DNA sequence: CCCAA
DNA sequence: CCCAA
Ligand SMILES: Nc1ccn([C@H]2C[C@H](O)[C@@H](COP(=O)(O)OP(=O)(O)OP(=O)(O)O)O2)c(=O)n1
Ligand SMILES: Nc1ccn([C@H]2C[C@H](O)[C@@H](COP(=O)(O)OP(=O)(O)OP(=O)(O)O)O2)c(=O)n1
Ligand SMILES: [Mn+2]
Ligand SMILES: [Mn+2]
Ligand SMILES: [Mn+2]
Ligand SMILES: [Mn+2]
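Chains as they are written, first to last, in the deposited numbering: chain H, 5 to 176, 185 to 506; chain A, 5 to 176, 185 to 506.
Take a look at the structure:
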């Protein structure tokens with residue numbers, strides 16, 4: 005069944021921010037499997053406990069973008085997420101009209117690993133064929149995106165996009189009103205915005221934006237969208253302006269607006285990908301496959317010169333993930349001679365850009381971690397700069413690399429981790445069990461603060477301490493006991 | 005008394021978005037005088053009526069910025085604004101700690117016209133002296149502003165900035189909790205964001221940001237702020253980075269974050285103003301005053317060439333209000349020979365940029381508006397462009413110019429105004445009284461929609477129709493009757 | 001003096 | 001094939 009696949013995707017595969025297909029933003033130690041639909045069905049049925057504050061807060065995660073910009077990802081509290089996932093699954097025969105959208109390329113799908121929503125899984129060549137077919141006969145292309153799409157979704161516009169704005173306002185129950193209420197309860201009983209990273213909020217965004225896709229399709233516009241990004245192919249510049257006007261109208265019906273910084277009109281024929289994609293791919297040492305494994309093992313000079321050229325291209329243009337794409341080009345084709353030099357280049361670059369920190373794990377097996385103690389200082393310096401820059405992706409990834417490889421962590425960097433106080437870093441330190449007393453003092457300060465939302469911001473840490481029998485449940489409800497009794501661990505071992 | 009000056013400023017001078025000192029965004033026909041303290045004290049006392057929806061919506065206004073970007077200004081519903089203004093004033097001895105801030109340049113003050121808050125009233129030479137004193141001995145400057153400051157203020161952070169975050173969370185009444193509640197009721201019972209344009213929300217932003225200013229001052233940072241823009245002067249680059257880190261920390265305590273697009277570090281000595289300010293002022297025809305009125309009357313060639321050079325500089329740089337500054341340089345020094353040519357240039361430019369539409373009224377008296385009917389087509393074409401571009405400042409300003417000068421308005425652009433459906437343009441058309449039936453159909457559709465927030469979005473139109481005895485009060489409360497009985501007109505004549 | 005924020 | 005969005 006496909007409805008069951010929705011349930012398993014919502015709980016076990018796309019509860020955490022696992023939407024990136026190439027490499028996960030969150031380290032693989034955190035996971036959402038062994039969170040079975042029966043367990044969420046039990047949590048939703050539970051009525052025990054009482055909360056003074058309406059709604060729930062979410063575990064916060066700050067991931068660096070390509071330009072070192074913070075992006076806010078959220079891990080929803082399992083009570084609110086369990087109710088939301090149950091309500092989404094129980095009415096998928098009313099919701100699955102977002103599956104049959106030809107203008108939304110990123111949408112729920114029945115993937116092999118189990119996830120419904122994977123960002124850029126269709127790859128650039130199937131994208132190339134479609135882009136070539138759409139671009140034919142048109143001499144203008146429009147790139148326009150919503151300004152704050154996930155962060156300013158009006159939750160009360162969830163019923164509207166289901167049944168029309170006017171009919172829903174006149175009717176002021186229906187399933188989409190309850191979906192509105194559950195999406196509000198997921199984030200502090202707040203109508204504006206949705207959490208970023210779970211697939212329930214991406215489902216909500218698909219539901220809202222599918223009405224705009226429908227009323228743009230009915231006017232005969234040939235357009236595609238990737239979440240919030242609309243690309244349009246117009247024979248005339250006038251039809252391009254008319255598309256921008258109609259998109260503004262239909263988004264303003266749902267309290268949404270265009271990002272006019274990124275909204276631009278270009279003259280076809282333009283590049284199908286970005287420019288630096290083609291510049292890196294013509295200069296790539298691995299752009300030709302020789303079908304024998306010895307011939308495509310790159311020497312040290314080729315990888316070093318390609319990485320230097322990629323650094324120059326990223327500095328000169330700065331309009332995309334030049335370094336991410338470049339190191340993902342040449343990291344699997346190395347031989348054992350240049351493994352250490354490339355690892356040193358990656359260490360320097362991953363200090364200078366935290367986004368390149370997850371790549372180290374693919375070369376961390378071949379590099380001898382002990383060596384002359386130098387790599388311990390490498391990882392501790394990276395941890396210190398991750399604490400200062402208040403980034404969560406690189407900091408948690410570096411904790412994962414230090415713990416998984418038995419690399420010691422200094423006390424001063426533990427103290428500035430404490431000062432940073434991001435939830436998943438503290439969950440990793442909790443999993444280390446060395447710093448149990450300092451984690452105990454931190455969660456004790458959270459407890460004596462007496463704020464429900466501050467406990468909800470670290471529910472993952474509190475539940476992980478409960479699962480190893482090191483802390484009582486801060487909540488008076490039985491959701492944590494239901495999760496523990498049925499075997500839910502968000503740091504599972506093999 | 006200064007408290008009484010606060011109350012008159014809140015109701016009669018800064019209820020509407022009147023913070024711009026050079027020229028108002030809103031046309032002079034809309035005004036907030038004859039809304040005295042006694043009427044607001046009566047409306048706050050009124051308990052009659054019932055509303056199904058908590059909170060109030062606000063009259064929406066979309067003003068184009070220098071780069072044609074829409075900025076959302078809001079006119080708060082007079083019940084919510086009257087309660088909010090009464091609560092702000094009744095505790096000004098607790099609130100006026102924002103007056104004694106030396107880092108907030110734009111703040112409440114006792115001005116001559118009566119407004120508490122005027123943006124850029126100090127002028128650039130008093131700013132020049134202070135900027136020169138601050139910039140001395142420092143070789144780096146930091147420009148960092150909050151990303152969505154007014155739109156993403158958390159209302160529940162209003163108690164925190166009064167009494168500390170931890171003390172307010174432990175206490176979870186105090187006056188700031190009620191100020192929280194009233195600021196929420198001003199905008200749809202929503203904790204996120206404040207309306208833009210009234211001085212109550214600017215007072216709220218001062219209250220929130222003054223704690224950040226205090227904890228930035230205590231570390232010895234020499235910095236200034238203009239609403240949300242922080243400028244800092246550092247002897248070293250590391251002091252600049254440390255200021256950025258501490259500012260990020262103290263804003264993140266209040267769920268606030270920097271705009272890292274506009275956050276940039278420059279090397280002193282940089283210019284006190286922008287670059288194009290200096291290029292326009294060295295090339296200005298009026299940069300020297302000859303103290304006799306005949307000698308500084310500019311000929312046609314000087315003004316035309318200065319405006320063309322300004323158009324070129326605005327096209328080439330595009331980093332500020334080049335055209336706004338340039339036309340405000342040379343518009344008062346014209347003689348009667350070049351008045352019509354400058355009006356034609358302003359008409360073309362004001363069609364191409366709506367922000368230059370308010371200037372036309374200073375040259376609309378000398379030019380014969382009848383002429384050979386051409387100016388009527390000018391204004392109607394500008395109106396159609398304003399309705400296409402969904403801007404409210406230029407559209408309402410052009411309505412003001414057409415109505416005030418007895419200029420006829422075509423029916424097709426009236427229908428396109430109704431299709432746009434901005435509130436203040438419809439208030440002006442209501443004031444014209446020619447289009448009473450179409451306005452009646454529009455507000456009748458709003459009434460049969462049966463939504464409280466859609467009536468609150470056009471409360472000004474509904475009250476203006478109620479004041480001329482052309483429509484009943486949509487609300488069951490007596491606030492409109494209190495305002496009508498005591499003589500409140502938001503379109504008053506002299 | 002004449003903008004913006 | 002190997003990014004982002
Ligand atoms: N790991 C994930 C999971 C989900 N999303 C979602 C949230 C974003 O809203 C959407 C794509 O939108 P943008 O990245 O363009 O971001 P915004 O719309 O929030 O802002 P802006 O237009 O200012 O960049 O993808 C994401 O970015 N990253
Ligand atoms: N006529 C008025 C009255 C008030 N404000 C307020 C609201 C704005 O939040 C604040 C200054 O902030 P910015 O103009 O820099 O705008 P934002 O902070 O909203 O956004 P961004 O940093 O993206 O420009 O001034 C304004 O801009 N214009
Ligand atoms: Mn966007
Ligand atoms: Mn996008
Ligand atoms: Mn800002
Ligand atoms: Mn600003």
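All residues carry an ideal CB built from backbone N, CA and C; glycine is no exception.
At least one heavy atom of ligand 5 sits closer than 8 Å to the Cβ of residue 150 of chain A. Its chain contains 430, 433, 438 as the residues whose beta carbon lies nearer than 8 Å to that of residue 454 of chain A, once the 5 sequence neighbours on both sides are disregarded; these appear in chain order. The beta carbon of residue 203 of chain A lies closer than 7 Å to those of 158, 159, 160, 196 in the same chain, with the five residues before and after it left out. At a C-beta separation below 7 Å, residue 170 of chain A has these neighbours in chain H: 461. Between residue 74 of chain H and chain A, the shortest Cβ-Cβ separation is below 9 Å.
Between the alpha carbons of residue 478 of chain A and residue 435 of chain H lies a gap of roughly 55 Å. Distance between residue 363 of chain H and residue 394 of chain H, taken at the CA atoms: about 5 Å.
Assignment of residue 75 of chain H by DSSP, reduced to helix, strand and coil, places it in the strand class. Per DSSP, residue 287 of chain H is one residue of the alpha helix (DSSP H) stretching across 287 to 294. Counted as a single uninterrupted DSSP element, the beta strand (DSSP E) harbouring residue 270 of chain H occupies residues 270 to 279. Among the residues facing chain H, residue 332 of chain A is not included, as its CB has no counterpart in that chain under 9 Å away. At least 9 Å separates the beta-carbon of residue 471 of chain A from that of residue 206 of chain A.
The DSSP-derived three-state label of residue 119 of chain H is coil. In terms of CA proximity to residue 83 of chain H, H:45 leads the group H:45, H:97, H:320, H:99. Within 9 Å of the CB of residue 257 of chain H, the CB atoms of chain A belong to 400, 401, 402, in sequence order along the chain. In this model, residue 146 of chain H and residue 278 of chain H are separated by some 7 Å (Cα to Cα).
The shortest CA-to-CA distance from residue 143 of chain A to any of A:96, A:382, A:283 is the one to A:283. DSSP links residue 204 of chain A through a beta bridge to A:158.
At the C-beta level, residue 461 of chain A and residue 173 of chain H come within 9 Å of one another. Distance between residue 405 of chain H and residue 397 of chain H, taken at the CA atoms: about 12 Å. In chain order, 202, 203, 204 make up the part of chain H whose C-beta sits under 9 Å from the C-beta of residue 202 of chain A. In terms of beta-carbon proximity, residue 264 of chain A lines the interface with chain H, with at least one pair separated by less than 9 Å. Per DSSP, the beta bridge partners of residue 238 of chain A are A:241. Relative to the non-hydrogen atoms of ligand 5, the Cβ of residue 271 of chain A comes within a distance shorter than 8 Å of at least one. Rounded to whole angstroms, the separation of the alpha carbons of residue 344 of chain H and residue 351 of chain H is 10 Å.
In the structure shown, residue 470 of chain A adopts coil according to DSSP, grouped into three states. With a 10 Å radius around the Cβ and a threshold of 16 neighbouring Cβ atoms, residue 22 of chain H comes out buried.
Under the criterion of beta carbons closer than 8 Å, residue 256 of chain H and residue 275 of chain H qualify as touching, at roughly 7 Å. When Cβ-Cβ separations below 9 Å define contact, residue 174 of chain H makes contact with chain A.
Taking a Cβ-Cβ threshold of 8 Å, none of the residues of chain H is close to residue 221 of chain A; the smallest such distance is about 20 Å. Per DSSP, residue 167 of chain H has no beta bridge partner at all. In this structure, DSSP gives residue 284 of chain A a state outside helix and strand, which the three-state scheme calls coil. For residue 269 of chain H, at least one C-beta of chain A is nearer than 9 Å to its own C-beta. The beta carbon of residue 406 of chain A sits no closer than 9 Å to any beta carbon of chain H. One alpha carbon belongs to residue 305 of chain A, the other to residue 341 of chain A, and they sit about 16 Å apart. Here the distance from the Cβ of residue 239 of chain A to the nearest heavy atom of ligand 6 is below 8 Å.
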